[PDB]
Amino acid sequence: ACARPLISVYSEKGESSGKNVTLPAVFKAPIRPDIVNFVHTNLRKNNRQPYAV
Amino acid sequence: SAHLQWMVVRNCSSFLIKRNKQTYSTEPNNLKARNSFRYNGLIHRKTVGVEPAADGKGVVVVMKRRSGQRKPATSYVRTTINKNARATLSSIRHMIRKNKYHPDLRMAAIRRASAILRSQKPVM
Amino acid sequence: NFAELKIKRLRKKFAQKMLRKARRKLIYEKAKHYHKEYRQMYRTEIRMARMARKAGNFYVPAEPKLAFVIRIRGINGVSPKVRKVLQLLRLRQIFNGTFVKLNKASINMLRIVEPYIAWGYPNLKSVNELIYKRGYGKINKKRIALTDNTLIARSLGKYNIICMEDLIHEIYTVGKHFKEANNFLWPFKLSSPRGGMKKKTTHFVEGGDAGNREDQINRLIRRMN
Amino acid sequence: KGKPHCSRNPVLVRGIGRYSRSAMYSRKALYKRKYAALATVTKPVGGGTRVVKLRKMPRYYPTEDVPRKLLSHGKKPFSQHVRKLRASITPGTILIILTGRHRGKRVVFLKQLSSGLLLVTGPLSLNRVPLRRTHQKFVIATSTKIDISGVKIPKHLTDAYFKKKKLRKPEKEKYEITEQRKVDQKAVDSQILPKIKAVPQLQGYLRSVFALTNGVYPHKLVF
Amino acid sequence: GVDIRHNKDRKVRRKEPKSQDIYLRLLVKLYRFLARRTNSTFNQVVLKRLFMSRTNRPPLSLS
Amino acid sequence: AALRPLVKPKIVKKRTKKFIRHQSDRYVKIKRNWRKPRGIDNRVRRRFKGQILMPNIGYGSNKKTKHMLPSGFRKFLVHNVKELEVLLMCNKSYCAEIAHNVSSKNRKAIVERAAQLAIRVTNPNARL
RNA sequence: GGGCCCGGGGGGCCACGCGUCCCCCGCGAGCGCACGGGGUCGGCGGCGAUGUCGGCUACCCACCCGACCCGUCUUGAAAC
RNA sequence: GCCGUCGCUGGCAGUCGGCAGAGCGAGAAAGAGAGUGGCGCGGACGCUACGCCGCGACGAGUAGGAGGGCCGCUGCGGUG
Ligand SMILES: [Mg+2]
Ligand SMILES: [Mg+2]
Ligand SMILES: [Mg+2]
Ligand SMILES: [Mg+2]
Ligand SMILES: [Mg+2]
Ligand SMILES: [Mg+2]
Ligand SMILES: [Mg+2]
Ligand SMILES: [Mg+2]
Ligand SMILES: [Mg+2]
Ligand SMILES: [Mg+2]
Ligand SMILES: [Mg+2]
Ligand SMILES: [Mg+2]
Ligand SMILES: [Mg+2]
C-alpha cells in the first residue's frame with residue numbers, strides 16, 4: 001500500500017503526452033464502502049424539500 | 001488486492017444477478033458465471049476467459065498479462081483456436097498447466113471450451 | 001532420493017500394525033480371563049451354599065452391589081424432590097435406564113423415587129445385552145454408539161478400560177472406576193416393554209411395577225432391550 | 001507355484017471354522033513354512049514412424065459430472081447369488097402352477113436351473129404344458145412324487161435355452177416352436193410318461209386342474 | 001417427553017463482528033484461520049476481541 | 001426426447017395440499033392466503049383434532065430436491081439472450097423460463113439460442 | 001475351590017527362530033472368500049397412435065374416520 | 001427417513017502437481033525433521049469463507065420479547 005507509480009498524461013488525440021504524474025496518495029487511502037454509504041445516505045437527505053398536509 | 005476488491009463487489013456489482021434462489025455473474029473472464037472469489041474475472045491479477053470466436057468457429061482464450069494491471073486496454077491477450085475438438089482442449093490444458101497460470105481453472109476452462117464447441121455443431 | 005523415505009514410511013506402517021496386533025491379543029486374553037473370573041464367582045456362590053447346607057447352617061449371600069434402574073412414569077406432574085432425584089440418576093425420560101451401584105447414600109435416593117422407577121439386580125447376561133445392543137458412550141458430550149473399541153479406549157483408557165469386555169467387567173463387578181465407566185455410558189434408551197406391564201402405578205409387591213423387584217428386573221430387561 | 005489345496009478348516013457354522021488358530025497353525029505346517037524378506041505403440045508410416053497413443057484424451061467434457069460412489073460389500077450381481085429351493089420340491093414332485101396361462105395345471109418338476117428357476121414338464125401330452133421354466137414362489141408343491149431318478153434330461157436345457165428372443169414390429173410378429181424344442185419335448189416326455197402311467201389314476205390327475213371350491217380353505221387342506 | 005429446560009440452550013456470544021468494515025473482516029478471516037489451524041490460545045483470544053463491540057474494546061492510553 | 005438433468009432423484013413432498021386459511025371457506029372476504037390464527041379461543045390455533053392444519057418448519061422439503069421441477073431441473077427466469085448465457089455451464093441442473101412480458105419476436109431468439117447451448121426451456125411453445 | 005487350573009512320578013492352546021546372559025528348575029510376498037466404515041443385480045416380464053398411457057395438487061361427486069362460530073373480555077365461551 | 005434449532009464458540013485457505021509425489025482418526029505429549037563424524041505431459045467436484053462440510057441432542061405455547069424473510073406495497077439514488 002506504499003506503491004505510488006507514475007501515471008501517464010494523455011494528449012487530446014489519445015496518446016501518451018510523455019509527461020508523468022506520481023500517483024497521488026489519496027488513491028491509496030482505505031476503501032470503506034460502509035463509510036461511503038453512511039455519508040451518501042445522510043448527505044442525500046440534505047437537498048430534500050419538506051412535505052406535509 | 002483481490003481479497004479487498006472482493007469485499008466491495010461480493011454483493012454489490014452491476015454484474016451480479018440474484019434470482020430464483022440463484023446467483024450468477026455476467027462479467028467477462030468468469031468461466032462459470034459464478035459469483036465467487038475463485039471465478040471472478042476482474043479482481044485477480046491472472047484470469048482465464050474462454051469465449052466463442054467472432055464467427056461461430058473456434059474459441060478465444062483470454063489471458064491477463066502480468067504488467068498492465070491498471071491499463072485495461074492492453075491488459076488482456078486474446079488467442080483464437082479453431083482446431084478439432086480434441087486438439088482445442090489440449091492447447092487450453094497446456095496454456096494453463098505448463099504456464100502454471102491459474103491451474104485451479106484448468107477443468108473449468110476445458111469444460112467451457114467443450115460447451116462452446118458443442119454449441120457450434122449443426123442443430124438437429 | 002525417495003527410496004530411503006519410502007522405507008521409512010513403510011516401517012512406520014509396519015510398526016503400527018504390529019502394535020495394533022499386540023493390542024488385539026491383550027483384549028482377547030482379558031476376555032478369556034474375565035470368562036474364568038465370572039465362572040469362579042458363579043461357582044463359588046453355589047459351593048458356599050452347599051457347604052452351609054451340609055453343616056445344617058445358612059449361607060447368606062452378599063447384598064448386591066449393582067442395581068439397574070428404569071423410569072416407568074412420564075414427566076407430567078412430578079414433585080420437586082422426585083424431579084431432582086430422577087435428574088441425578090440421569091433418568092430424565094420414561095423407560096430410560098442406568099446402572100446404580102448400591103450403598104446407603106444411593107439406596108435412600110431410590111426410595112424417594114420409588115413410584116417412578118422399577119429397579120433390581122441385573123445378572124451378567126443383562127449387563128452384556130444392555131451394553132452391546134444399546135450401549136452408547138458419552139464422548140465430547142455427544143452420544144456415540146460404541147461400534148469400535150478405540151471409542152472406549154480413548155476415554156477410559158487411563159483407567160485401563162480399553163474394550164467392551166473391560167467396560168462390562170467394570171460395570172458388572174462394580175470396580176474401582178465404576179463411577180467413570182458408568183458416567184461414560186449414555187443413559188440407556190429402552191423400548192416399551194413388549195408384552196405389557198401389570199400396573200405401573202403400584203409397587204411390584206402389590207402386583208404392580210414400581211419399586212425393587214430384585215432379580216426380576218432381568219425379565220423386564222429382556223422385554224425392553 | 002503350488003497347486004491349490006482344499007481348506008484344512010471345515011466349516012462348523014457360517015463364519016466359524018472347526019479349528020482354532022493354533023490348531024490350524026499345526027495343520028498347515030507353518031512351523032516349517034517360514035518365509036523372510038503400455039500406453040503407446042510405435043507404428044511405421046509412409047517422417048518414418050509415429051508414436052501412437054493407445055487411448056486418446058476425451059474430445060468432450062460435460063458441464064457437470066457426478067461423484068464416485070462410496071464402496072460397499074456383499075452387493076453381488078444376480079449371477080453370483082446363492083439359489084434356494086424349498087425342501088418340499090424334489091425332482092419328480094408334482095407342482096400346481098399359480099400364474100400365467102398355465103395356472104392351475106399340475107406339472108412334473110424336473111430340476112432347478114442355474115438362475116434358480118425351476119424346470120417342469122406337463123408332460124405336454126397330458127396337460128399341454130411343455131418344457132417350461134417356472135418360479136418356485138408361484139407353485140404349490142404337492143406331496144405326490146414319481147421317481148424320475150433314471151430320466152436323462154438333455155444338458156443344453158439351460159437358462160439360455162429358455163430365455164425369450166425379442167421380436168420386432170414396424171405388422172405383428174408371431175412366436176414359432178423351433179423344431180429343436182419339439183424334438184427335446186419328445187425325448188424328455190418319452191421317459192417321464194411311462195413312469196407317470198405306472199401310478200394308477202396319476203395321468204388323469206395331471207390332466208385335471210386345481211381350483212378352490214365351496215368350503216375348501218387352503219390353510220386347512222394338505223396338498 | 002424429556003425433562004429439560006430450554007431457556008439457556010442458545011448461548012449469547014458474538015461469532016463475528018457486528019461491524020461491516022471490510023478491513024476488520026479481512027483480519028477476522030486471517031485470525032479465524034490462525035485460531036483454527038494453530039494450537040495457540042493467543043490467536044483465539046485475539047479472534048474473540050475482533051468480534052467485540054466498541055465498549056468492550058476500551059482505548060489503551062500511552063501511559 | 002427433451003434434455004435430461006444430470007440426476008433425477010425421486011421428489012418426496014411431505015404435503016401436497018395447500019394450507020388454506022381458517023374460515024376462508026365460509027366467507028369471500030377471507031382469502032385462502034395463510035394467516036396464523038391468533039384468537040384466544042381459536043381451535044385451529046390450539047391444534048384440535050380434525051381441524052384445519054397449520055404450517056410449521058417440519059413440513060420443510062428435502063434440501064436436495066427443494067425448488068426442483070418435476071423434470072429434475074430448477075428454473076431461472078430470463079428476459080433476453082444475454083441473461084440466458086449464464087446457464088451455459090449449468091445446463092444439466094438449471095433450465096430457462098422466459099419472462100411473461102417478453103414479446104413474441106424476442107422469444108424466438110431466446111428459444112433458438114437455448115437450443116444451441118443445450119439449455120432446456122420450460123415454456124418454449126408460447127406466443128407463437 | 002485358588003495358586004498363568006501349585007510341585008513330582010482322547011482333545012484344545014491369540015505356544016511354535018536362535019545364539020545366548022539368566023530368574024527359576026521393527027518393512028516377506030502374492031491370490032482369494034467374507035455376518036467386515038448404511039443396496040445392489042455384470043436379473044427379468046408385459047403394454048403402447050384415436051384409444052390408450054402418466055398428471056401430487058386443482059374442478060365435481062361419493063364414501064369411512066374426525067369435526068360446535070369467529071373476534072373479545074374472562075378462573076371459565078359453541079354458549080341462553 | 002426428512003425439516004429446522006441448538007451445541008461441538010467442530011472441520012476446510014492443502015486446489016501446497018512433472019520447480020509433482022497425494023498421508024496426520026488415532027487408545028495413551030511432542031518431527032511422515034535437516035544434514036556432520038564414527039515410452040506418455042495426465043490427474044473429477046470444491047472456496048457466493050456472509051461460503052461449504054461433518055457429528056450429537058433437541059422441537060407445546062397465551063401475555064410478552066428477539067431473530068430471519070430471494071415475504072408484500074409506494075416513492076428516491078444507483079445498476080440491469
Ligand atoms: Mg398425571
Ligand atoms: Mg404383540
Ligand atoms: Mg397419581
Ligand atoms: Mg419431543
Ligand atoms: Mg420452550
Ligand atoms: Mg432465553
Ligand atoms: Mg382460553
Ligand atoms: Mg362422527
Ligand atoms: Mg369482550
Ligand atoms: Mg364472570
Ligand atoms: Mg369465543
Ligand atoms: Mg349456556
Ligand atoms: Mg415452539
Side-chain angles (χ1 to χ4, degrees), chain A residues 40 44, chain B residues 10-11 14 17-21 23 25 34-38 93-94 97-98 103-104 107, chain C residues 2 5 7-15 18 23-25 28-29 32 36 40 43-44 47 140-144 147-150 152-155 157-158 162, chain D residues 14-15 20-23 25-26 30-31 34-40 42 51 53 57 65 67-68 72-81 115 164, chain E residues 2 4 6 9-11 13 15-16 29 32-33 36-37 48, chain F residues 12-14 16-18 22-23 26 39-43 47-51 57-63:
Chain A
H40 184 90
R44 203 163 72 71
Chain B
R10 54 163 286 283
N11 198 40
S14 66
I17 298 175
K18 301 163 82 183
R19 196 183 302 153
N20 285 112
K21 312 298 187 290
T23 313
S25 230
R34 188 183 286 169
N35 194 64
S36 150
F37 180 75
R38 188 176 307 278
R93 185 179 300 106
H94 285 164
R97 176 175 276 126
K98 294 283 178 173
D104 53 300
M107 278 297 290
Chain C
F2 179 74
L5 295 129
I7 267 68
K8 248 179 131 173
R9 287 174 179 199
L10 286 208
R11 287 212 256 241
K12 201 156 299 329
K13 296 248 169 92
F14 185 83
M18 218 49 41
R23 274 172 179 158
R24 291 292 291 175
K25 186 164 187 169
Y28 179 97
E29 286 291 304
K32 193 169 183 284
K36 180 181 163 184
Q40 294 182 355
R43 296 317 308 190
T44 301
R47 160 161 32 75
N140 193 15
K141 277 174 180 162
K142 305 177 189 187
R143 185 177 169 275
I144 313 301
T147 67
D148 158 79
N149 264 342
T150 312
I152 302 153
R154 277 164 67 75
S155 301
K158 55 182 157 179
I162 55 158
Chain D
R14 183 174 65 105
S20 72
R21 277 185 174 198
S22 80
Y25 185 97
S26 306
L30 289 213
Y31 47 83
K34 301 287 291 303
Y35 290 83
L38 293 301
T40 65
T42 320
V51 184
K53 200 95 165 205
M57 296 292 285
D65 257 317
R68 287 177 145 147
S72 51
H73 64 95
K75 320 309 178 186
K76 300 168 165 182
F78 176 70
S79 53
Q80 300 175 21
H81 292 161
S115 66
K164 287 186 178 182
Chain E
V2 189
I4 48 170
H6 299 284
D9 290 355
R10 188 174 68 79
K11 299 183 187 188
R13 57 155 143 62
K15 282 136 185 120
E16 70 181 349
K29 290 179 175 197
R32 271 202 207 280
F33 180 74
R36 171 169 59 92
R37 282 282 302 283
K48 187 180 53 155
Chain F
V12 169
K13 317 278 199 179
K14 285 168 178 152
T16 40
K17 289 170 167 170
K18 283 209 67 155
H22 184 42
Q23 295 220 307
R26 289 174 85 88
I40 64 192
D41 301 341
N42 198 296
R43 61 177 170 163
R47 300 200 279 268
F48 280 94
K49 70 187 287 188
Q51 297 315 310
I57 201 71
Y59 287 99
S61 293
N62 188 330
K63 289 187 284 293

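Order of the sequence lines fixes the chain letters, A, B, ..., with proteins taken first and strands second; residue numbering starts at 1 for each chain. Both backbone and side-chain heavy atoms feed into the values below; hydrogens, waters and symmetry mates do not.
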Open item on the list: A side-chain contact here means heavy atoms from C-beta on lying under 4.5 Å apart; do B:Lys18 and B:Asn11 qualify?
Closed with: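 Contact flag for B:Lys18/B:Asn11 side chains = yes.
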Open item on the list: Would you say that C:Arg24 contacts C:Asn149 through its side chain, given a criterion of any heavy-atom pair below 4.5 Å between the two side chains?
Closed with: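 A side-chain contact exists here, since the closest heavy-atom pair is under 4.5 Å.
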Consecutive bases [N], [M] stacked per 5.5 Å and 30° rule:
| N | M | value |
| --- | --- | --- |
| H:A28 | H:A29 | no |
| H:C50 | H:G51 | no |
| G:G28 | G:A29 | yes |
| G:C23 | G:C24 | yes |
| H:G33 | H:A34 | yes |

Could you tell me whether [X] contacts a base, only the sugar-phosphate backbone, or nothing, with contacts defined as non-hydrogen atoms closer than 4.0 Å?
| X | value |
| --- | --- |
| E:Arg36 | base |
| C:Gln40 | sugar-phosphate |
| D:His81 | nothing |
| D:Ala23 | nothing |
| F:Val12 | nothing |
| D:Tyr25 | base |
| D:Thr40 | base |
| B:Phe37 | sugar-phosphate |

For [N], does OP1 or OP2 lie under 4.0 Å from any side-chain N or O of [X]?
| X | N | answer |
| --- | --- | --- |
| C:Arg24 | G:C14 | no |
| D:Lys75 | G:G39 | yes |
| D:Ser79 | G:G42 | no |
| C:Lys36 | G:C5 | yes |
| D:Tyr31 | G:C16 | no |
| B:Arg97 | H:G43 | yes |
| C:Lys25 | G:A15 | yes |
| D:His73 | G:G39 | no |
| C:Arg143 | H:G56 | no |

Taking the 3.5 Å cut-off for both atom pairs, check whether [N] pairs with [M] as Watson-Crick or wobble.
| N | M | value |
| --- | --- | --- |
| H:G38 | H:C70 | no |
| H:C58 | H:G4 | yes |
| H:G56 | H:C6 | yes |
| H:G40 | H:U5 | no |

Just curious, [N] north or south if you read off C1'-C2'-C3'-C4'?
| N | value |
| --- | --- |
| G:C16 | south |
| H:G67 | north |
| H:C47 | south |
| H:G69 | north |

Contacts under 3.5 Å, N or O only, protein and nucleotides 54-64 of chain G:
residue, atom, partner, partner atom, Å
G:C56, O2', F:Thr16, OG1, 2.8

TODO: With RNA chain G as reference, determine whether C:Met18 or C:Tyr28 sits nearer its 5' end, using the nearest nucleotide of each.
DONE: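 Between the two, 5'-proximity favours C:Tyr28.
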To the nearest angstrom, how far is [X] atom [atom1] from [N] atom [atom2]?
| X | N | atom1 | atom2 | result |
| --- | --- | --- | --- | --- |
| B:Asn11 | H:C50 | CG | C1' | 9 Å |
| E:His6 | H:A66 | NE2 | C1' | 18 Å |
| C:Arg43 | G:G2 | CZ | P | 10 Å |
| C:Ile144 | G:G37 | CD1 | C1' | 14 Å |
| F:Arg47 | H:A60 | CZ | P | 8 Å |
| B:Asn35 | H:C52 | CG | P | 12 Å |
| B:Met107 | H:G43 | CE | P | 7 Å |
| E:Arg13 | H:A66 | CZ | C1' | 18 Å |

Open item on the list: In this structure, which stretches of RNA chain G are paired as stems of three or more consecutive Watson-Crick or G-U pairs, both distances less than 3.5 Å?
Closed with: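 Consecutive-pair runs (3 or more) involving RNA chain G: none.
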Out of [options], which has the shortest distance to the side chain of [X]?
| X | options | result |
| --- | --- | --- |
| D:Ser72 | H:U9, G:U40, G:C35 | G:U40 |
| D:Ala39 | G:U40, H:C41, H:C39 | H:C39 |
| E:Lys29 | H:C50, G:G17, G:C13 | H:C50 |
| D:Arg21 | H:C47, G:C14, H:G7 | G:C14 |

Open item on the list: For G:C16, does the base pair up with any side-chain atom of D:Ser26 as donor and acceptor (N or O, under 3.5 Å, distance only)?
Closed with: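 Under the 3.5 Å cut-off, the side chain and the base do form a donor-acceptor pair.
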Please check if the number of heavy atoms outside [X] that lie under 6.0 Å from its [atom1] is greater than 12.
| X | atom1 | result |
| --- | --- | --- |
| F:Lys14 | NZ | yes |
| D:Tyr35 | OH | no |
| E:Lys15 | NZ | yes |

Please encode protein proximity along [range] as a string of B, S and -, counting only heavy-atom distances under 4.0 Å.
| range | value |
| --- | --- |
| nucleotides 21-34 of chain H | -S---BBB---BS- |
| nucleotides 69-80 of chain H | -B-----BS-SS |
| nucleotides 69-75 of chain G | SSSBSB- |

Can you name the atoms? Protein N/O to nucleotides 2-6 of chain H N/O, anything below 3.5 Å, with the distance.
residue, atom, partner, partner atom, Å
H:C2, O2', F:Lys14, NZ, 3.0
H:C2, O2, F:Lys14, NZ, 3.2
H:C3, OP1, F:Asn62, OD1, 3.4
H:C3, OP1, F:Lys63, N, 3.1
H:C3, OP1, F:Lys63, NZ, 3.0
H:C3, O4', F:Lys14, NZ, 3.0
H:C3, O2', F:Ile57, O, 2.7
H:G4, OP2, F:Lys63, NZ, 2.4
H:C6, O3', E:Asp9, O, 3.4
H:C6, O2', E:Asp9, O, 3.1

- [ ] Please test C:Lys32 against C:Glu29 for side-chain contact (heavy atoms from CB on, under 4.5 Å), starting from the C-alpha separation and ending with a verdict.
- [x] CA-CA 5 Å; C:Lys32 193 169 183 284; C:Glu29 286 291 304; 3.7 Å; yes
Open item on the list: Donor-acceptor check, side chain of C:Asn140 to backbone of C:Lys142, threshold 3.5 angstrom: yes or no?
Closed with: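 Answer holds: no.
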Open item on the list: Heavy-atom nearest nucleotide on RNA chain H for C:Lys141 versus D:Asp65: which residue maps closer to 5'?
Closed with: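 Of the two residues, D:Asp65 wins.
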